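Here the Cβ is made from the backbone with ideal geometry for all residues, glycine too, and neighbour counts use every protein chain on show. Please treat every number below as a calculation from the coordinates, not as lab data.
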Amino acid sequence: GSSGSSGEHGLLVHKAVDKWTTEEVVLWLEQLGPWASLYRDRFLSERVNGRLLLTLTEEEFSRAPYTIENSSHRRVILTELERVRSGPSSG
């Protein structure tokens, strides 16, 4: 509807993370916690898109520029990612 910019909190998973955009990428991460705003800047500047968000591993995250000097932060991203990326099996 007329809710802020074009985006909904739910279709995230329904839509492959490898198809997300520099926008959705930050939006999904901006939900894991309020601290996401401390990294979001690095996501936009680096135009880190979904396809790239998935490629990024525990290391990459700990490596600059992100140099995420906080494990907890990586655990939140990597984990949450494993969810949005991995959908229902149905088998």
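At q = 0.15, 0.22, 0.24 Å⁻¹, what is the log10 ratio I(q)/I(0) for the chain, with the Debye formula run over Cα points and no solvent?
Normalising to I(0) and taking log10 leaves -0.55, -1.15, -1.36.
With the contact rule set at Cα under 8 Å and sequence spacing of 6 or more, what percent relative contact order holds for the chain? Intermediate results must be reported in sequence, preceding the final value.
Details: 77 pairs, mean separation 29.9, N = 91.
Across the chain, relative contact order equals 33 percent.
Counting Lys and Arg as +1 and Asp and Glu as -1, what is the net charge of the other residues whose Cβ lies under 10 Å from the Cβ of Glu58?
Values: positive: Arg63, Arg74, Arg75; negative: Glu59, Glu60.
With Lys, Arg at +1 and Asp, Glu at -1, the neighbours total +1.
Just how large is the dipole of the chain about the Cα centre, in debye to the nearest 20, putting +1 at every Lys and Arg Cβ and -1 at every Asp and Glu Cβ? Intermediate values should be presented prior to the final figure.
On the way: 11 positive and 13 negative charges, 26 e Å.
For the chain, the charge dipole is close to 120 debye.
Please go through segment 29-91 and write out the trypsin sites (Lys or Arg not before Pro) that DSSP classes as loop and that have at most 16 other C-beta atoms within 10 Å. All intermediate terms of the calculation are to be shown ahead of the outcome.
Details: sites: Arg40, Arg42, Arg47, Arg51, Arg63, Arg74, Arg75, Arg83, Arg85; in loops: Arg47, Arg63.
In loop regions of segment 29-91 (DSSP not H, G, I, E or B), the sparsely surrounded trypsin sites (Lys or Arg not before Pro) are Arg47, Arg63.
Express in nm, to one decimal, how much length is gained between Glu59 and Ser71 on full extension, taking 0.36 nm for each residue of separation and deducting their alpha carbon distance.
Details: separation 12, 0.36 × 12 = 4.32 nm, distance 1.03 nm.
Extra length from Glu59 to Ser71 when fully extended: 3.3 nm.
Given segment 1-47, report the % of alpha carbon pairs whose separation exceeds 16 Å. Write out the running numbers ahead of the final one.
On the way: 439 of 1081 pairs.
Summing the P(r) tail past 16 Å for segment 1-47 gives 41 percent.
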